[PDB]
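Heads up: the structure comes next, in structure tokens.
Derivation of every value follows stated rules applied to the coordinates shown; laboratory data play no part. Using ideal geometry, Cβ is built from the backbone for each residue, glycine included, and neighbour counts are taken over all protein chains shown.
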Ligand SMILES: NC(=O)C1=CN([C@@H]2O[C@H](COP(=O)(O)OP(=O)(O)OC[C@H]3O[C@@H](n4cnc5c(N)ncnc54)[C@H](OP(=O)(O)O)[C@@H]3O)[C@@H](O)[C@H]2O)C=CC1
Ligand code: SF4
Ligand SMILES: [Zn+2]
């Protein structure tokens, strides 16, 4: 029986990591490098990562740029409308911890004050390749998930 | 250079004696309750205070006001000063009335029972300045210190 | 020169280690304490003293422009060696 | 034991040998649970039902002014007079001089470095004492 | 002591603007509680509005009063037009800020701040 | 590196490691300085 | 106090409360509020969890960097309990299930697991222990849920005598299985607000007089179950589950005058009428009569 | 001299001459005229002269400063009138730039220049938001950059760099909340100024 549960986890994990549909908050500079990840050289679509997805068909939110206090409530609302399972990738110093505006009166010091974060991509900005490395790292995180194995043991 | 002593042997928490007679950390609430209880049960000469060398004036008057409210006037310092005659009635009895800068105006200085070099190094330096530039005449009654 | 404490936690080259009652070592439970094992203080001590035939030698740390600012070391005292203030290499005037 | 603050950790009034009142400023706060000294006594007075009539630094310094007005004249040297009156009283009672010679407590540099709790706790002052005695 | 006025030329005219602003705020609270789906009562909303006015009761400069009303009108415009979100409206109530101690002893126990 | 090998140093890692985030070998930050203020330790024996 | 746990700051996110807490059952209803209030004031929180890390994600924003630490644990593995508690100054047990599973019955969640946490905490030297029981815990209850709560409540008091035991009534709140339970459809009830229970728990950690005591957390008003369910439907704008669950809902809320309550920890009980709409607004597509 | 920026005396004279020209024509408002060593002309005016002086520079046939390049403020707390209002204008006809400066304090309105330049609309909103200077007769004066309900004017020298409040999501109330700002690492103030004078040419008489 546990053999069945192990293989269904593999199946659903494979499907979810193989069809990661992102919503990008293109907040600032870092949005440019995610555009270069979609561009032909890296072609995120070839991994199953569609270029643009609506928030309600999205699986991963990519916070790409500085999150201000004025924008923080809007970002939380979009996260709360994401169907589950949902993941958050924080990309760039600004989103990671405030970066170069960390000491500003108007900047949230890291988007993890507003939403939970699964992957932190460092850089100002991270290169398109560095972002792609972070996306592939999120895929490996999903591969490790054991939702049914843990469900069967409750 | 003595500032590094501010990082050693510091008192960081209130302490009280426990059942075994050893000092043990406690809260501010608990420690002050123990003191307040003993303070409320004594009056007059049963309560005294001694002020150390580095105490500030705000704490000196607060402690004086507190013991005065149990009718205690035994507010003492470690350093003696004769209470004979005027005592501390007149400030001029216990002050450097000439002022430190006044040394540069003097022509004779009589030092009595003191070693200013170590007691007041910057005061002694002000004497040497006068000695060097004003041809000040200095005499000492006491030990022949350098 | 890495050593462990009575708790088994490794002491860093800066002498850091959480003591017995420090809760903060809970951060290492299920993970690890990053420690660099190549203590620079011990590595420099392994270098031999260079014997030179002059009162003053210069050191730039090697590699020319890839080293450190060039400094001149006085070797008049025979009690000890001349040590470069930048890289720690030692020099001694011969006889 | 009530942990107080050192002179680098409070804004507090000191009067030098001239009678000149000066104040410190807080450079760092007291360590751990230590508190400003006049606040400890003020807090103690309230728990003992004898609340003192001042709640801030400015108010305790208003109190200091009621007792000795010169204590809040910062950097000023207030002259003191009436040496004649003091001299008259000093003669009223005759006390004999002891035969002991006048010997200062500090005779050499070794006695200079440690004279209070702060300097007695200083490792630098210990090195100085060792250096001049050896 | 001659200065350029903002709107009011004296405190009597300034006070008329204050009362108009208070009336506008008082009447808007029931709508705000409904549109923003607030969990406060209308009484709480109006009590908060009254509190905000009261803390500025001691002003005697008509220019300062004028600026306070100008800012009050802008705050009301942001609320009426739903430029604010629910978070902005609820920031007047400090719902997650545990009360700071006020008496001397409580402040003495916790830290060094006056 | 088969044609121009890197310069050898004794301290250079002989075994490369890949990204270890999410494993028991992940880096955990901590302060590398020692305690600054030393508290006074009361005497062990009783004497009030 | 060890120097690391002396309080500092102004009680905010970046402050240091001096509390180092292990919260078992932190991924549930009560746990999310407890962890939030601990992280609000800058406490170190250790979160042992049995579930997927994905299911602990909502806890991460609750503390500043490094203040929330997650660990795996198994209720039946005492070594995993020892790892989680050996650095803590307080242990909080919120473990429980409203139903039984093939792997865990009520005697496991409410007796065996709490006793093991209490015993290992005692051995590890933990000073404070806070254990959540139930107001209606009773070995003669018709509910196997409430009978186990009584047995375990006794074993904790014996194993860790200094434990603070808290006995809440039915707790209502956004994620409750009480008001939501009625909205998803003889007896007097005295339900208590989730934030009140959380504040009571937090103040028990600080209060030294709370050690060794047993508290009953109840709301300010008593209601007939019929009058309460009627009010829920009115608030939800709606025209007006296991066997053990039904027994609990029909058990009258005990009145234990001798026990200290929320007012003995400085907490004012929140009336249901103030907070009911908060919980029931999402259910939308006359205050209830109270017993004097 | 390869490293020294060359001077331009022809432009310096032209701008100086136009500076006198402007001051002769608008003596009611012009308080000072100066030309910098890198050839920028600044007219300093009484705040009453904003509309007349700007209108003259836009419309006069020897001016034709049709473009408002920028409008901003500078906070100088030591001055009685701490706010300096700066208008940078461009004349395409004469390929020239000019700067007009006036002043105000916290409580004194400045006349809005939207009637002269429609570009002024948002700039004056930004000055209101960042500095708290009120512009009279503005078609729509309100904050433009700061968050809704934000208190204070961040660009004032006495406003702290990190402000007074910071935001986070709170799970208990299920929304973003504002709280007094605490920093895990305080911003480290640096004292960088050398104690030796750099530029004798600007020494202030003692
Ligand atoms: N809510 C109420 O109305 C009242 C509750 N209580 C008590 O308060 C405590 C918490 O209440 P609540 O938070 O509502 O309960 P929840 O069911 O909401 O959360 C229960 C917690 O227990 C954990 N848990 C359950 N079974 C196991 C297990 N076998 N091994 C390990 N962990 C386990 C769950 O973790 P996972 O997510 O991994 O399942 C979850 O974190 C419980 O003890 C409950 O009985 C008392 C009175 C009233
Ligand atoms: S992290 Fe760098 S590149 Fe990205 S938005 Fe911030 S400043 Fe721009
Ligand atoms: Zn060198």
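Sort A:11, D:102, B:96, E:21 so the one with the fewest other Cβ atoms within 10 Å of its own Cβ comes first.
Details: A:11 10, D:102 13, B:96 16, E:21 20.
Starting with the residue having the fewest Cβ neighbours, the order is A:11, D:102, B:96, E:21.
Using only the Cα atoms of chain E, what do you get for the radius of gyration and for Dmax, in Å?
Using the Cα atoms of chain E, the pair Rg, Dmax is 17.7, 50 Å.
Please compute P(r) over all alpha-carbon pairs of region G:134-266, binned at 10 Å starting from zero, and give each bin as a whole-number percent.
Per 10 Å bin, starting at 0, the Cα pair percentages come out as 12, 39, 35, 13, 2, 0.
Test of understanding: extend the Cα→C-beta vector of residue G:188 to 7 Å, then name every residue of region G:243-276 with backbone N under 20 Å from that spot.
G:247-263, G:269-273
When the convex hull of the C-alpha atoms of region B:17-97 is computed, what volume per residue in Å³ does it have?
153 Å³
For chain B, what does the helix formula give at 222 nm: sum of -39500 (n - 2.57) over DSSP H segments with n ≥ 4, over the residue count, nearest 500 deg cm²/dmol?
Per the formula, -8500 deg cm²/dmol.
Mind jotting down the distance between the C-alpha centroids of region A:96-149 and region G:162-213, whole Å?
37 Å
If eta is 0.890 mPa s and T is 25 °C, what Stokes-Einstein diffusion coefficient results for chain G, Kirkwood Rh from Cα pairs, in µm²/s?
Diffusion coefficient, whole number: 125 µm²/s.
When only C-alpha pairs under 8 Å and at least 6 residues apart count, what is the relative contact order of region E:3-70, in percent?
Once normalised by length, the contact order is 53 percent.
With angles folded into 0 to 90 degrees, how steeply does helix H:50-59 sit against the dominant principal axis of chain H? Use alpha carbons for both and round to 10.
50 degrees
Residues of F:20-32, mean number of Cβ from any other protein chain within 10 Å of their own Cβ, rounded to a whole number?
5
Largest first, please: the extent of the C-alpha atoms of the protein assembly as shown along each principal axis, to the nearest Å.
106, 99, 90
Residue H:188 to residue H:10: FRET efficiency via 1/(1 + (r/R0)^6), r the Cβ-Cβ distance, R0 51 Å, to the nearest 0.05?
Numbers: r = 48 Å, r/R0 = 0.94.
Working from the Cβ atoms, E equals 0.60.
Which percent of Cα-Cα pairs in region G:196-292 sits in each 10 Å bin, short to long?
Going from the shortest bin to the longest, the percentages are 13, 34, 35, 16, 2.
Quick one: helix B:121-133 against the long Cα principal axis of chain B, what's the angle to the nearest 10°, folded into 0 to 90?
In chain B, helix B:121-133 runs at an angle near 10 degrees to the longest axis.
Using alpha-carbon pairs under 8 Å, 6+ residues apart, how would you state the relative contact order of chain A in percent?
Relative contact order, chain A: 27 percent.
Peptide D:23-36: average number of partner chain Cβ atoms within 10 Å per residue?
Rounded to a whole number, the mean comes out at 5.
How many nm separate the modelled label positions at residue D:26 and residue H:17, each set 7 Å beyond the Cα in the direction of the Cβ?
With each label placed 7 Å out from Cα toward Cβ, I get 6.4 nm.
Given labels modelled 7 Å from the Cα in the Cβ direction, how far is it in nm from residue E:22 to residue H:105?
Inter-label distance under the simple model: 2.9 nm.
Averaging over all projection directions, find the projected area of the Cα convex hull of region H:1-147 and quote it in nm² with one decimal place. List each step's numbers first, then the result.
Details: hull surface 42.8 nm².
Mean shadow area of the hull around the Cα atoms is 10.7 nm².
Taking every Cα atom in chain D, find the radius of gyration and the maximum pairwise distance Dmax, and write them in Å.
Taking only Cα atoms of chain D, I get Rg and Dmax of 20.8, 56 Å.
What is the distance in Å between the Cα centroid of region H:44-93 and that of region H:137-206?
Going from one Cα centre to the other spans 27 Å.
Considering the alpha-carbon set of region A:1-42 alone, what are its Rg and its Dmax in angstrom?
16.7, 50
Could you give the nm distance between label points at residue D:95 and residue F:35, where each point is 7 Å from its Cα heading toward the beta carbon?
4.7 nm
Efficiency by 1/(1 + (r/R0)^6): what FRET value for residue E:12 and residue B:48, r their Cβ-Cβ distance, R0 = 56 Å, to the nearest 0.05? Please report the intermediate quantities before stating the final value.
Values: r = 64 Å, r/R0 = 1.14.
Working from the Cβ atoms, E equals 0.30.
Just to verify a number: FRET efficiency for residue A:144 and residue D:124, C-beta to C-beta distance, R0 = 60 Å, to 0.05?
It comes out at approximately 0.60.
Within region B:29-54, whose backbone N sits under 17 Å from a point 7 Å along Cα→Cβ of residue B:78?
B:49-54
Over the residues of chain C, compute the C-alpha Rg and express it relative to 2.2 N^0.38 Å.
Rg over 2.2 N^0.38 Å, computed on Cα atoms: 1.59.
Would you mind calculating the relative contact order of chain B from Cα pairs under 8 angstrom and at least 6 residues apart, reporting the percent as a whole number?
Values: 120 pairs, mean separation 20.7, N = 146.
Reported as a whole number, the value is 14 percent.
Hull surface divided by four, with the convex hull built on the Cα atoms of chain B: how many nm²?
Average of the hull's projected areas for chain B equals 13.9 nm².
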